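# Results of the structural survey
Listed below are the residues making up each chain.
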Amino acid sequence: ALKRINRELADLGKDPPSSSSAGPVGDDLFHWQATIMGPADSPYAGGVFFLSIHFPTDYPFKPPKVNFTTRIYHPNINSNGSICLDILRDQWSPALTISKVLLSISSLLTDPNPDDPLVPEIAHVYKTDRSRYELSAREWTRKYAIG
Amino acid sequence: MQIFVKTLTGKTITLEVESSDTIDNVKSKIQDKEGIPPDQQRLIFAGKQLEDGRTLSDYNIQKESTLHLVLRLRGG
Amino acid sequence: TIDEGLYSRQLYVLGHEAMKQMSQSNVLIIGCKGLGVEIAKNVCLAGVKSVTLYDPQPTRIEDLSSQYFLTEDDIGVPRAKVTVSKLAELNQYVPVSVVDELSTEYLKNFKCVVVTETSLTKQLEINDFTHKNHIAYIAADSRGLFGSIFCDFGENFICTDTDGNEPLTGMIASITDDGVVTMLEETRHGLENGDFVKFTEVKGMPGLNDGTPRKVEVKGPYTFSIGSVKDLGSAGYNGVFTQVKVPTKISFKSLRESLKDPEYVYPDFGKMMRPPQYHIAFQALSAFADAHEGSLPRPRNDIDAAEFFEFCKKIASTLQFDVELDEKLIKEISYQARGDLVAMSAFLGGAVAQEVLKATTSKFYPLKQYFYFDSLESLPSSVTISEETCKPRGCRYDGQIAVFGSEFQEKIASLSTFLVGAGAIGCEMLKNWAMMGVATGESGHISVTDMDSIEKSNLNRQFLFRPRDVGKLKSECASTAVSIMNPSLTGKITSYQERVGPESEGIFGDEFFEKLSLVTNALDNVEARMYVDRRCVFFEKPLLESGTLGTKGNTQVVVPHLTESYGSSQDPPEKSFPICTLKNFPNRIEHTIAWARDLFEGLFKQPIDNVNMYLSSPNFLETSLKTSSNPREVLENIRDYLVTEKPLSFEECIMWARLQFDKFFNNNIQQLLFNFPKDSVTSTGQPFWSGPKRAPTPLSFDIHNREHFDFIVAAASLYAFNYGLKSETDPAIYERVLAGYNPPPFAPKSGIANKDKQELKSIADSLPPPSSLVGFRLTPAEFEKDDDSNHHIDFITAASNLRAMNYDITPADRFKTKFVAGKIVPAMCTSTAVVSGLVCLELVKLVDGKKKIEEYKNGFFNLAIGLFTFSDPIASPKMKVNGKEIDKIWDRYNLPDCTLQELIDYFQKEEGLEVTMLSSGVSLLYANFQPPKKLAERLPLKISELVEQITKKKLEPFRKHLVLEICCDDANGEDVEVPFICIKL
Ligand SMILES: Nc1ncnc2c1ncn2[C@@H]1O[C@H](COP(=O)(O)OP(=O)(O)OP(=O)(O)O)[C@@H](O)[C@H]1O
Ligand SMILES: [Mg+2]
Ligand SMILES: [Mg+2]
């Protein structure tokens, strides 16, 4: 557990992710805070989203718990910050690094999936009235993800 | 060479392997046929648990040999 | 009419029909020694109609070696007479009787006949009768470290269930015109060739939905074939398939026919030449006993060994056995003839009891027909085993001294064991230790810990407890019971009610652990197993692990500096469903049960906790606002459960339950169908509600419907419990109150600044002040499956079935709902007996201090199919550190309480390695990439001071060591793995 977590931390330190920055909270190795920058070619451009990562006692044999702290208007992210990502529930394997999870979350942000949604109302808006979805996403990322 | 794998639940699996194959290849075949990751597979032949990095010929596993795929249980 | 309050865990293994057949079957057991009493105990706990005992032989002292219902005050009394009274207490539904005389014609009253400690001529006489009258016959034998079982269920035995697995079911994607059935994306059917399946909900091929089973030809992990479906249709879309299990006809041979041409069951494939040897050996034992007035060969006697080998030669010649006799093995069988070990008795008794249940239920695959087993690797080699050491001393351990000797008895009597857990395996282990004489010496001791209490469902497989003991601590009851069994254990057992974990290190500290000899786990979760494994690795103590599940079980041994620990391997993890599947798109009853459990928690537990916390913590509002993810939900919960929706009578509870019914089974479905109409399509043109997504339909409340009324009753009762109001059960009041209900109108909402903070503040000030309500609390609901009067399982079942009705899923009953929601682990007494026997067979290997790794065995078994397998433990991996061989698991660095700088310098100079990371527990003490100022602040501090500073917590006075994890790099910059550090405070 500790060996793997420190290996990931050192690997992050050597090569900056540029688009992300994750690290332990205070000195606790099992509670990290990460930052994701909104993709330029997305409604969330120019926004910073904070995520909380909880490594279980059985890491890497159980998935880390990743939640959004900032509020985001996304079809696959609900009000509690839960993320509809397969690799975090049952497809988790002890071979995926935190950087891979951050890349997966960024790819989720750059294009949502309304065909298997977590928030049906936002998915309906996205599928029927795209422009209103764009306006709502920009408003939310301007009044929550900036400042 | 053809070998058989018997699970603790009674299922039987037929694998087409060669005497020079490593245990890693056999575990990958078992994963393909069953979906069990290689790190969670416990294979037993003739009272020896097969370990990664070695070959079948190291355990003298020949054609029509029977292996057992087992697992640990949490109750009790 | 099965008492599900007692057979709860056993019904999940066998079922209602199997136990119904069991409750009408009579079992006769001939012989009341350790093996016979073990079989009778397991059968009485199982729940057969009745048990009859036949053993008129007077009791002897040596019989106490494995007979735990015999005392030293019963010498000279027939064994059955003194055993029936104690066997009659195990289960109140199973009478136990004794017959002083047995006749052949009397055998027709019994469904199964078990024979132990009987000569071969009598066995032939009994089997000649039972075989022709279709009576199940089992014969078991235990000689020292050798055992044998023989089963004969008749020529026309019908086995309805062969492997004991649940039928396989799966969702189809498309069925071609040639019968090629394909599963959904990345889904495995799990079928084998020759299976039978039946289809339902198949679109385009109605013929397949009749229910006629069809042969299966597996063409891969994702597709199979059923034949030609040309006539029924062209192609079928969607649908589900379910496996059909067909009965099998098994034909057995009589003992007389089976002696000449036996059929063997091999418990180990590493030694496949032995069972033919044991077949001759046991018959030679019978002949020797017949030629010596029923006396077996004396322990370690060479004259008797020679005569026995002559008998073996004669029998092998007579039976035309073309096998070369192994003289050493056969004479070993001769030497240990008078041995009577409680571990072998428990192992064989569990196996034989499972066979009896198979006979009486026609379930699972029986042994066919001979099962010869040996544990000869347990024979000590560090002591002198000879005729002088193995002679009887006139004590209760004669049956064990006849195998191991007096010196090994002295070694056993000095053990200082630690048993973690006091469940079924714990009770069996304690019995085995008491019988073996463990810790009865001047320097022996036993410590047992368990924080749980005895419940009604535990009495089905934990035989040390009685109905009078319900509500008491398991460890104390077990210690008292075993002290009753073996009086020499009086004052040599200490019982704790402490949970073993990080919070109990003050009791199970360095001083406690340094005195132990071995640790035995009897737990039921992996977290505690891993913790105890780490503690044993740190203190370098042997560990005995065991686990069971239904009819399956395993046992593992961890030996310091020899094998790998328990935590060096992985097990499959628990499966959790995606949140999107549970929340909106369920397709299995498990999804609806999980949703119903979440609904229970969110309706009766979380709001109550929020209200209680608000009325206790003076500054709860600000902390919740700045901490909770959704403070608006917390404020709404507090308002609703304090002022807005506070009930003043049970009628208001009924109205609230009706409102919740509308909210969760009619309105959310309407909203979902407004967002995704049934005719909607995805972005690729496919229909949305296809495959794993089932289109729901809102429910309209009908009072006369059973599920609706059940939900209303359960919800109203739980709400009244929350508010402490009297709850009625008469349907008249419910029907009278709900008659005058006007549903508020509902229309799905299409959607379409910081002023909301003003609304939040208005809600916050609308709440009554905490000082206005002093001494007022709301009782939360803590989930409890085992109580049938708290409406927990009732509510979960009703909600799950209503949501299934929403999505057209097949509902389940309270039995399956309780199994799924409660995370109940199926359990059996037979599997517990088998695992205890195997663990106690490895224990004597540990006591002897065997060094080679080929002498230890890890065991796995499945009794439903009669599978046993053993394998050597995996040796601990090695590594090269500074050109030295280091054990990767069992080695550590021992350092004083030096400074961080001194530790770094020591590693740089002594080991030649550069330290890059140093952590303790869950904190990072030192890292190479930290800023220089922080390091300069931390470098000159001692390790204890550094840990205290970083964790902001003083070290406890009892803390005598620190465990540090270190990552270091060599001169070239390559990372080299090193063992952990043990700082001595
Ligand atoms: N960390 C622990 N420390 C000590 N004892 C433990 C610990 N975890 C579990 N146990 C005990 O181990 C035993 C497990 O055995 P078992 O599962 O048969 O019992 P149970 O959990 O009470 O029963 P059931 O699972 O049938 O409801 C129980 O006594 C449980 O209290
Ligand atoms: Mg319990
Ligand atoms: Mg349990």
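Residues numbered from 1 in each chain as written, not as in the entry; some residues may be left out. Chains lettered and ligands numbered in written order. Heavy atoms only, no water.

Glancing now at the packing of aromatic side chains. Applying the stated criterion to the full structure yields 66 aromatic pairs over all chains. Measuring from centroid to centroid gives 6.2 Å for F418(C) and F513(C), while their planes differ by 80 degrees, and the two rings are edge-to-face. In this pair, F418(C) is assigned in strand 19 (residues 416–420) and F513(C) in helix 15 (residues 510–514), connecting sequence segments 95 residues apart. Overall, the relative accessible area of 1% leaves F418(C) in the buried class. Positioned above the aromatic ring of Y144(A), the side-chain terminus of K143(A) is 3.8 Å from the ring centre. Over the face of the ring belonging to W595(C) we find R803(C), whose NZ or CZ atom lies 4.4 Å from the ring centre. (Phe/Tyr/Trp six-rings, centres within 6.5 Å; stacked < 30°, edge-to-face > 60°. Helix = DSSP H or I, 4+ residues; strand = E, 2+ residues; numbered from the N terminus. Buried < 20%, exposed > 50% of the residue type's maximum accessible area, 1.4 Å probe, protein only. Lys NZ or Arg CZ within 6 Å of the ring centre and 35° of its normal.)

Turning our eyes to something else, we now look at the UniProt feature "active site" in chain A. UniProt annotation of "active site" refers to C84(A) when read in the numbering used here. Among the structural elements, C84(A) can be located in the loop between strand 4 (65–68) and helix 2 (98–110). Judged by relative accessible area, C84(A) falls into the buried class, the value being 14%. Aside from chain neighbours lying at most four places away, what touches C84(A) is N76(A), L108(A), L118(A), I579(C) and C580(C). (UniProt positions renumbered as here; feature names shortened; annotations may be inferred. Contact = heavy atoms within 4.5 Å.)

This next bit is on a negative patch on the surface. On the surface, a cluster of negative charge is contributed by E4(C), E455(C), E784(C), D787(C), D788(C) and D813(C). Inspection of the secondary structure puts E784(C) in the loop between helix 25 (756–766) and helix 26 (792–807). (Patch = residues over 30% accessible without salt bridge, like charges linked within 9 Å, V, L, I, M, F, W, Y side chains within 5 Å. Areas by Shrake-Rupley, 256 points an atom, 1.4 Å probe, with all protein chains shown as cover. Salt bridge = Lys/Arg side-chain N within 4 Å of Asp/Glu carboxyl O. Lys, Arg positive; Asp, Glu negative; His and termini not counted. Charge placed at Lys NZ, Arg CZ, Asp CG, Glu CD.)

A separate point is the interface of chain A and chain C. If you look at the interface, chain A gives 30 residues, while chain C gives 39 residues. A combined buried area of about 3,000 Å² lies between chain A and chain C, and 53% of that area is made up of carbon and sulfur atoms. It is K3(A), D27(A) and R89(A) in chain A that bury the most area against chain C; as a group they hold 21% of the surface buried on that side. Put simply, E965(C) and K3(A) hold a salt bridge, and the shortest N to O gap is 3.8 Å. In this structure, the connection of chain A to chain C is made through eight residue pairs in polar contact. At the level of secondary structure, the elements contributing two or more residues to the side of chain A that touches chain C comprise helix 1 (2–14), strand 2 (28–37) and helix 3 (120–128) of chain A. Split by residue class, the side of chain A that touches chain C holds 12 nonpolar, five polar and 13 charged. (Buried area = accessible area lost by both parts, 1.4 Å probe. Polar contact = N/O pair within 3.5 Å; in protein donor to acceptor, adjacent residues only side chain to side chain. Nonpolar A, V, L, I, M, F, W, Y, C, P; charged D, E, K, R; others polar.)

Glancing now at the interface of chain C and chain B. Opposite the 45 residues of chain C that make contact, chain B presents 29 residues. Around 3,100 Å² of area is buried between chain C and chain B when both sides are counted, 53% of it from carbon and sulfur atoms. Inspection of the chain C/chain B interface yields four salt bridges. When contributions to the side of chain C that touches chain B are tallied by element, the ones reaching two or more residues are helix 13 (424–436), helix 16 (526–539), strand 23 (543–549), strand 24 (552–558), strand 25 (858–862) and strand 26 (867–871) of chain C. Looking at the side of chain C that touches chain B, its residues break down into 19 nonpolar, 15 polar and 11 charged.

Let's shift gears to the arrangement of the chains. Sorting the two pairs of chains in contact by contact count puts chains B and C at the top. If you take every C-alpha in chain A and every C-alpha in chain B, the smallest gap between them is 9 Å, and the two do not touch.

Here we come to the environment of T490(C). In this fold, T490(C) is placed in the loop between helix 14 (474–485) and strand 21 (493–496). Polar contacts involving the side chain of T490(C) include one to the main-chain carbonyl oxygen of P487(C), which spans 2.9 Å.

With that out of the way, let us pick up the sheet that holds strand 26 of chain C. Residues and elements named next belong to chain C. The strand order across the open sheet formed by eight strands is 21-20-19-22-23-24-25-26, and the pairing between neighbours is mixed. Looking along the sheet, the strands with just one partner apiece sit at the ends: strand 21 and strand 26. In this sheet, adjacent strand axes meet at a mean angle of 10 degrees when their direction is disregarded. In the packing of helix 14 onto the sheet, the strands contacted are strand 20 (445–449) and strand 21, and the crossing angle to strand 21 comes to about 165 degrees. (Pairing = 2+ DSSP bridges. Axes fitted to C-alpha atoms, helices over the stretch in contact; angles between N-to-C directions.)

All names here are of chain C. Inspection of the secondary structure puts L941 in the loop between helix 30 (932–938) and helix 31 (943–951). Residues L941 and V825, 116 residues apart in the sequence, show an inter-C-alpha distance of 50 Å. Setting aside residues no more than four positions away along its own chain, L941 makes contact with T899, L900, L946 and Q949.

On the surface, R142(A), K143(A), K757(C) and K761(C) cluster together into a positively charged patch. Mapped onto the secondary structure, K757(C) falls in helix 25.

Turning to the pattern of salt bridges, a few remarks are in order. Residues and elements named next belong to chain C. Enumeration according to the criterion identifies 64 salt bridges over all chains in this entry. Its salt-bridge partner being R79, residue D63 comes within 2.5 Å of it at the nearest N-O pair. Placement of the pair is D63 in the loop between strand 2 (50–54) and helix 4 (79–87) and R79 in helix 4, with a sequence separation of 16 residues. Exposure class is identical for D63 and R79. Each is buried. Sharing partners across several salt bridges, the network here consists of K33, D55, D63 and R79.

This brings us to helix 24 (residues 731–739) of chain C. Residue and element names in this part refer to chain C. For helix 24, the full list of buried residues reads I733, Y734, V737 and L738. Considered in projection along helix 24, the buried side chains sweep an arc of 120 degrees and stay on one side of the axis. Turned more than 90 degrees away from the buried face of helix 24, the exposed residues are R736 and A739. Considering only its buried residues, helix 24 is in contact with helix 22 (650–675) and helix 23 (706–723). (Arc of directions from axis to C-beta.)

What follows is about the state of the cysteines. All names here are of chain C. For the structure on display, the rule yields zero disulfides over all chains. Note on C32: no disulfide assigned, nearest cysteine sulfur contributed by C44 at a separation of 11 Å. The thiol sulfur of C968 is not disulfide-bonded, and the nearest other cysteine sulfur, from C967, lies at 7.5 Å. For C968, a relative accessible area of 0% translates into the label buried. (Disulfide = S-S within 2.5 Å.)

Okay, helix 4 of chain C next. Buried within helix 4 of chain C are the following residues: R79(C), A80(C), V82(C), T83(C), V84(C) and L87(C). Looking at the buried residues of helix 4 of chain C, the elements they touch are helix 3 (34–46), strand 2 and strand 3 (96–98) of chain C.

A separate point is the sheet that holds strand 17 (residues 264–265) of chain C. All names here are of chain C. With respect to topology, eight strands assemble into an open sheet ordered 3-2-1-4-5-6-18-17, the strand pairing being mixed. What marks the edges here is a single partner per strand, and that holds for strand 3 and strand 17. Of the strands in this sheet, strand 1 (26–30), strand 4 (112–116), strand 5 (136–143) and strand 6 (146–152) are in contact with helix 5 (residues 120–132), which crosses strand 5 at around 155 degrees.

Quick look at the site of ligand 1 now. Close to ligand 1 lie 19 residues; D450(C), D452(C), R461(C), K474(C) and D524(C) are nearest. Those chains with residues close to ligand 1 are chains B and C. Note that a nitrogen atom of ligand 1 is positioned 3.2 Å from one of the backbone N or O atoms of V500(C). Between ligand 1 and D524(C) there is a distance of 2.9 Å, counted from an oxygen atom to a side-chain nitrogen or oxygen. Contact with the protein chains covers 88% of the free accessible surface of ligand 1, which is 620 Å². The class makeup of the residues in the shell around ligand 1 is six nonpolar, six polar and seven charged. (Near = heavy atom within 4 Å.)

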